[PDB]
Amino acid sequence: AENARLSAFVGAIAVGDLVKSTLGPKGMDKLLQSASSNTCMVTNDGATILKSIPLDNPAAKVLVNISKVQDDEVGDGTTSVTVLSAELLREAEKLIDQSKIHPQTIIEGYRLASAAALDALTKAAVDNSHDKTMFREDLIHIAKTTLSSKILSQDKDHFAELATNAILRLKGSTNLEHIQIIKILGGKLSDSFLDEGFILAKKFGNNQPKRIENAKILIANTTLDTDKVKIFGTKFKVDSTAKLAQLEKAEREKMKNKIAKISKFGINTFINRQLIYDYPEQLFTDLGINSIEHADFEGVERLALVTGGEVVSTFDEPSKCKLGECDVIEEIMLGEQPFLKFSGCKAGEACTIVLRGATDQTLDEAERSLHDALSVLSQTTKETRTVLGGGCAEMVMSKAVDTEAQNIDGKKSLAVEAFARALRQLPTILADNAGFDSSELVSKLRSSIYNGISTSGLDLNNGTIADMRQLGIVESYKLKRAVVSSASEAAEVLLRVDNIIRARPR
Amino acid sequence: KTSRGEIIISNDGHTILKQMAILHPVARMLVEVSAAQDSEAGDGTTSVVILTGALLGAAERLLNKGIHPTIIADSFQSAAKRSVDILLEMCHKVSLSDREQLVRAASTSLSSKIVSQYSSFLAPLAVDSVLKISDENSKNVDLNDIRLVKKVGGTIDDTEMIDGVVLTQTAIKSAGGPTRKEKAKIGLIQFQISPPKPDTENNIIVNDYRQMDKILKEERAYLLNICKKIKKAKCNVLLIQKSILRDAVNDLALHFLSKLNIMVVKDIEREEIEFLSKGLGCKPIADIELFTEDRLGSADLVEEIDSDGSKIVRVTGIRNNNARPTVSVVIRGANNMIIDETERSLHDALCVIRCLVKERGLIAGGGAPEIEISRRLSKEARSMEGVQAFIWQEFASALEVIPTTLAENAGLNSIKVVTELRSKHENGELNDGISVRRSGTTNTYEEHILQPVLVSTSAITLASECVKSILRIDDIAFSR
Amino acid sequence: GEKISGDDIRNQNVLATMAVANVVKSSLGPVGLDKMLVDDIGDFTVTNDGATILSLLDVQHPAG
Amino acid sequence: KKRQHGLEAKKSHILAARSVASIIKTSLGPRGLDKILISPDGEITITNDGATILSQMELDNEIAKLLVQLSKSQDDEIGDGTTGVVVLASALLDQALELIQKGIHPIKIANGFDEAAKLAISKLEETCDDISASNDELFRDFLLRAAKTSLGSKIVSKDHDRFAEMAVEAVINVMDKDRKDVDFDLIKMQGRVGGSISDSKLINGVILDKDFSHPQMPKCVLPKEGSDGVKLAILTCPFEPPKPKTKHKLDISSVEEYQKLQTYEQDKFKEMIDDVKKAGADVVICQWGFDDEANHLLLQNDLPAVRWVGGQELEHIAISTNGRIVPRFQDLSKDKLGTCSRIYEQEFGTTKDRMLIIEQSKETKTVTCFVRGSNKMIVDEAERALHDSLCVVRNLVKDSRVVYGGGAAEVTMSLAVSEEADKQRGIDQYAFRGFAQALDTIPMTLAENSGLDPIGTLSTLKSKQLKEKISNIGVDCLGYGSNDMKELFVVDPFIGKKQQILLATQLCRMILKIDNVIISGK
């Protein structure tokens, strides 16, 4: 207990104290400076923070795996996941040592508390479902809860209308690859545009027109680089260069026959995966067909979802497969590099959101905000239950944990009450970044719920207790259940360590 | 001095911060500020770069007050939005197309380095460059249509903007038979002239000693037949792309073109072909099959200027007029150091008028906007009665740091200038600013001290964005 | 890297350019005389022309 | 040796002490905190005093000598409220850094401070009150009102009523009926570690570490049959059997001559005890040791004596008993006998060393406060806190003017200098306002340790002092709510703030004139 677990408690708390300033909407972002490559990254989420920081404590590395679970499932506000488990390790320093209770009994106290916590989350859930009129309008305020935890919150009201219309164009699409997020340097966050179509960072050819209406777009996986690659282990056996000069030149006409098969489709736009030689590029100009190249893998995949087309390798049949059509493909130059703006898609299969910012660190970090926000919108459509956040959910569970402690009684109540006290420290840490009084705000919130008012909550903007429904603080049941159930089981494994085995370094 | 030994002498803030070695994690992000100033503004970098470290003195004074950084950052956000509206009230009405105004407004950015003595000839070249390439609808006006030619030798007084296609690289010069080209077609060759050499394995079975020289005769005939169709099209000027890649060229191509009096040039970048195709309008030729007379362009005369041993090709006249012409200017200087000084000097003048096309507003700078904004800010800050009253007032006190530095850097007393500024700008009208030549305050319109509103708006925006990123970092952690 | 500010830069630059200038001042006028340079590579050229000498001489401070 | 010119040694030299003086800034006022300083010898001294820390602290830059040189004169001049004054001593050099950036010449910065210093003192003379206009009873009531704010500063301020009567009754014994006099030289406080801090009493005299030798008698005899002050006496010459101290030789030519040397000391043993017994002096202090054969006869004749007493304590005993220490055995007489009311040895701990205590219940020249405490570290800290109280009363004696404390003085003179700066105009308008701006940092620093808004309190002071000219409104250090200092009995000596601010201003004039720093080894 003493030498067995020493750095497993204080060491894990010291890690959570570094990210303590990152918790909450009023928190601040931490700078990650790598000792190699002389690069840097500014991120609030602990997924990148805990991954790049050296961890001497093996228990701290376990907190990275549980962070990756909330990173994919939720991704926003994941700091409180490891912080909640750190408070359970602080209470375990007493009950196990001072009170002299076996660690498994303390774990069993948290096991019965985890079952009682799930009952408090389901009964307190609010059902928003059925008619999508008031539902979609509520998604504006529901998203603003987890939308911006950063210092970028000035873009909340601006991105609230863009994120709402993003799922509206998807029309029930749960795939996160159907949305396109564009990161552009310069400008302001309020300059973000949302149109129906796709905007590519590439350009057209030299003589390609700048505006084409009713263009038919078709992609493919072929390789136009030069000649024909054929099979492996080939060679040319000729008597002289008279036949050799014809073989190289004829294949340029053979590729033109494949381009002649492209002209049978009647497409006004062509897109190739790999690079294109100048001769087949000029043949596209004679036919009046745009050309796009230099797409490694996802280049042709992201455009296939927007246009709703299909990759055609053979070019044999102008009947089957798919033909995509866009109203206006005109090239529109945004910022410095010219961009290819598509509009008037055949269907709503996909959508594209354009973001603009002055700092490059804002583009990469805010990308995770809209990426996680759309996941929340997909969960509110699937899971019909929602809860209320803003420090209120922790005090509601504390009422159920303290109620179960009266039924169990015994010496396990010390571990059950410690779980409730650990839930009391989370809003204290949540309100610690705002710099307001903890004893004043927690006592007003904790006592109000015992009086039968579940609509109250912590307001860090005005520094008082306000209604979470009026301020628009709403969390879905899928987000709340995933955080509580994982954080309760995260510290369950950390409390099972009775020994430390350090292997010899390589 | 870089790691490779490159010596660069300039006062440009973006150039200094580019090669500057910074061991401080947060200070490394200050290079991004100078990168955004070149993309957005791109003009008057020496005057704009001071905004990177100007707010550092104001942010340090607020740390002792115990105010949360978000409150300080959000106060600068509203103060920046109010500062933009102040600049829009004092702007001057300026027409889109004019002559003396474009020379007077750009002359502020034209004079920084000692090279401003020759800026008298640079103003007609900078105005006519935008006068030729522009749109009355206020488009983006990409600067890529104006190419800066770097040639060693001569003086800036010899710098002249060419009205037609210019070629920096010369020919092989081995044969050098033709001394001039006039009334001839100028083609664009995207391929290369070499004996066939496919990328795959090539095995030529030779069963007779006569077949060896026969292969040589086939290589001579196959490569000449391409020149026969070029001679049939009456094209004496050929442009080949970079020749060091794969095929390159043989030694027999010189005698074929010299007999036909056809000039050829190689080692041309692929990006240069796109630039030359816009102004010349000649359709590039990617193979002899697509080669024809309709794709070829034409020109009245092509003269090769030889000065101080450096030869340069100049094309006069354009046959087919397209909707996307291009212009270029040949920079003449003693050494690459002066050429680099003129390089950044011409980048400023192009960005001044470019911001005037997008936003026709113009405001007098040189100390005027710093005092006017600070006067309308601290006055309204006292009416806030809260945390915003003790921030915006301190932020307004940071706006006078720029004219304080301009006074000390000019040798004049700082307070003596500020006293003249604070007294005159109290009531205030316009045009009142610091004059370095007269050593005092006078009208900046006659002293050629100005600045676009879009530049001043983007300057205070990136300055407000800089303090946001600095305050955004609450802790310094060394990761792996 | 190594960065120094103030008069220390301008002082070291003038003293460096003046030291290499006083070497070629002995060739001024009709009474001037040629000098020899040791390249340590085995090559040497004796001349009073400053175009070749300044090109051969290794420049210590980049201001030279 | 390093080469420093320009702003290198004209700024970082001032910035050096700026960061050093900001360390003790957290100790300002009764809300301050203590510090730990390890001596080079390995000992640890824990105190919050600005003068005590900077005295034993070894620093690098030579500006530390300028801060210590000022504290040497402050102890002999004022030395009152050192924790409060030491912070404002360096506040004048912080504002000068802003005037250098503005382009003002450094000497013009220094000369501008002395111009506004004489005008700020004249404004403080408006609101000062005269305590000497009342009687002796109201004067002691003014001391009780002052001893609350002034005397109590450092720790042990928990209970201030135990040391309240200590400082008040100390200056009552030695004082003039017209209230003009001071003696702090005969007042020495010697404390010990034991009991509780609330056990401190008032015992006038000295505390000797040496007890009565030959533990064959009583530790203390409270009464005396001869009365008349127990007849205290001290022998200056060492007590030994008489022998020539100079080099000499003895010649014994017979056994009778050797036998006379035996009765030699035997005759002197009775001669020395009878001369003391004839005078009837009970207390006889021997400076260096005593004779072993005489260790009995002293008890046989009832003559308590001590050995190895320092000469410094002997000077306080003769002046307290109104006697004269006996220079020579032949000069011993009853006219040099002293007066001692009561003498006893304190039990202190279980065994340890019994401390001999000389006490005079009536009026005496040597005033001492009996001090005992549990903590050993608080001894030197609590003594020096009450040692400054001797100069506190001295400031109220020599200067009859008293001003309301609580930082209200610097706020009062702030509005005057701001108005006087507009009369000179020129470049001195910002220089004179800068001198008052540096004094405005004192109120903002007081509220820093207490957790109160620095400007929100300062803005109320100038707003309240604009309607009413009374200076009773000042910064609240201890969180008493309303800022009126008249109900809280907060007063500070006029000459205290006068000299400490003036001498600091006179010193900073020569400090800002430093350009190059040349350091040579000793």
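Residues numbered from 1 in each chain as written, not as in the entry; some residues may be left out. Chains lettered and ligands numbered in written order. Part of a larger assembly, values for the part shown. Heavy atoms only, no water.

Method of determination for the deposited model, per the PDB record: cryo-EM, at 5.6 Å resolution.

Trainee: Quick one: what's the story with the overall build of chain B, residue by residue and with numbers?
Mentor: The secondary structure content of chain B amounts to 16 helices and 16 strands. Here chain B has a C-alpha radius of gyration of 29 Å; the compact-globule value for 480 residues is 23 Å, and the former is much larger. For chain B, the residues scored as buried account for 48% of the 480 residues in total. Long-range pairs, those at least 24 residues apart, make up 80% of the contacts in chain B between residues at least 6 apart in sequence. For chain B, the accessible surface area stands at approximately 24,700 Å², while carbon and sulfur atoms represent 50% of it. Separation between the mean location of the 61 positive side-chain charges and that of the 65 negative ones in chain B comes to 6 Å. (Helix = DSSP H or I, 4+ residues; strand = E, 2+ residues; numbered from the N terminus. Rg over C-alpha atoms; globule rule 2.2 N^0.38 Å. Buried < 20%, exposed > 50% of the residue type's maximum accessible area, 1.4 Å probe, protein only. Contact = heavy atoms within 4.5 Å. Areas by Shrake-Rupley, 256 points an atom, 1.4 Å probe, with all protein chains shown as cover. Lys, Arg positive; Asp, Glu negative; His and termini not counted. Charge placed at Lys NZ, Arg CZ, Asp CG, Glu CD.)

Trainee: How would you sum up the overall build of chain C? Please name residues and give values.
Mentor: In terms of regular secondary structure, chain C is built from two helices and zero strands. Relative to its length of 64 residues, chain C is extended, with a C-alpha radius of gyration of 15 Å against a globular reference of 11 Å. With the C-alpha coordinates aligned to their principal axes, the bounding extent of chain C is approximately 40 × 30 × 15 Å. Residue burial in chain C is summarised as follows: out of 64 residues, 9% are buried.

Trainee: Describe in detail the environment of D:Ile317, supporting the description with residues and values.
Mentor: With respect to the element layout, D:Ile317 can be found in helix α11 (residues 311-320). Beyond its immediate sequence surroundings of up to four residues, D:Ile317 is in contact with D:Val206, D:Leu232, D:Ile234, D:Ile285 and D:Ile358.

Trainee: I'd like a description of the domain arrangement of chain B, backed by residues and values.
Mentor: Residues and elements named next belong to chain B. Domain annotation for chain B reports domain 1 (1-94 + 361-480), domain 2 (95-163 + 325-360) and domain 3 (164-324). Using C-alpha coordinates to define each centre, domain 2 is positioned 32 Å away from domain 3. If you look at the interface, domain 2 gives 17 residues, while domain 3 gives 18 residues. Buried surface at the junction of domain 2 and domain 3, summed over both partners, amounts to about 1,400 Å²; 57% is from carbon and sulfur atoms. Across the domain 2-domain 3 interface, the total number found is three salt bridges. For the interface between domain 2 and domain 3, the tally reads six residue pairs in polar contact. Of all elements in the fold, only β1 (146-152) and β11 (327-333) reach the threshold of two or more residues within the side of domain 2 that touches domain 3. Ranked by residue count, the leading element in the side of domain 2 that touches domain 3 is β1, at five residues. Considering only residue class, the side of domain 2 that touches domain 3 consists of seven nonpolar, five polar and five charged. (Domains from an automatic or database assignment. Buried area = accessible area lost by both parts, 1.4 Å probe. Salt bridge = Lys/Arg side-chain N within 4 Å of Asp/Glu carboxyl O. Polar contact = N/O pair within 3.5 Å; in protein donor to acceptor, adjacent residues only side chain to side chain. Nonpolar A, V, L, I, M, F, W, Y, C, P; charged D, E, K, R; others polar.)

Trainee: Which residues make up the interface of chain B and chain A, and what are the values?
Mentor: When the parts of a complex come together, some accessible area is lost, and that lost area is often used as the size of the interface. Facing 54 residues of chain B, the contacting portion of chain A comprises 56 residues. For the pairing of chain B and chain A, the buried interface totals around 5,400 Å² over both sides, and the portion due to carbon and sulfur atoms is 50%. Run the count over chain B and chain A and you get seven salt bridges. The partner of B:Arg270 in a salt bridge is A:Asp278, and the shortest N-O contact between them spans 3.3 Å. Put simply, chain B and chain A have 27 residue pairs in polar contact between them. Only α2 (30-40), α5 (69-89), β6 (202-204), α8 (209-232), α10 (270-280), α16 (453-472) and β16 (473-479) of chain B provide two or more residues apiece to the side of chain B that touches chain A. With seven residues, β16(B) is the largest single contributor of residues to the side of chain B that touches chain A. In the side of chain B that touches chain A, the residues fall into 20 nonpolar, 13 polar and 21 charged. Across five bridges, strand β1 (residues 29-34) of chain A lies against β16(B) in parallel orientation. What sits directly across from A:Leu31, in β16(B), is B:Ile476. (Pairing = 2+ DSSP bridges.)

Trainee: So what's going on with the arrangement of the chains? Which residues, and what values?
Mentor: A comparison of contact numbers over the three pairs of chains in contact places chains A and B at the top. In this assembly chain A lies apart from chain D, the nearest approach of their C-alpha atoms being 13 Å. Between chain C and chain D there is no contact; the minimum C-alpha to C-alpha separation amounts to 10 Å.

Trainee: Mind laying out the side chain of B:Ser34, listing which residues take part and the relevant values?
Mentor: All names here are of chain B. Within the fold, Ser-34 resides in helix α2. Only 2.7 Å separates the side chain of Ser-34 from the backbone oxygen of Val-31, close enough to count as a polar contact. Contacts of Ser-34, omitting those with residues within four sequence positions, involve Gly-13, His-14 and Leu-17.

Trainee: Any chance you could break down the pattern of salt bridges for me, citing the residues and the numbers?
Mentor: Side-chain pairs of opposite charge can arise where the charged atoms are in close proximity. All names here are of chain A. Inspection of every chain in the model, using the stated rule, returns 82 salt bridges over all chains. Note that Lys-210 and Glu-331 form a salt bridge whose closest N and O atoms lie 3.3 Å from each other. With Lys-210 in the loop between β6 (199-200) and β7 (213-218) and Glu-331 in strand β12 (residues 331-333), this residue pair connects regions lying 121 residues apart in the sequence. By relative accessible area, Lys-210 is classed as partly exposed at 43%.

Trainee: Before we move on, can you summarise the pairing of strand β10 (residues 310-316) of chain B with the specific residues and values?
Mentor: All names here are of chain B. Pairing of strand β3 (residues 166-167) with β10, which is carried by two bridges, proceeds in the antiparallel orientation. Looking at the pairing, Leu-167 lines up with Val-313 of β10. Alignment of strand β9 (residues 301-307) against β10, held across seven bridges, turns out to be antiparallel. Residue pairing for β10: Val-302 is matched across the bridge by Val-315. Hairpin connection, β9 to β10: the antiparallel pair is bridged by two residues, and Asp-308 has positive phi, about 55°.

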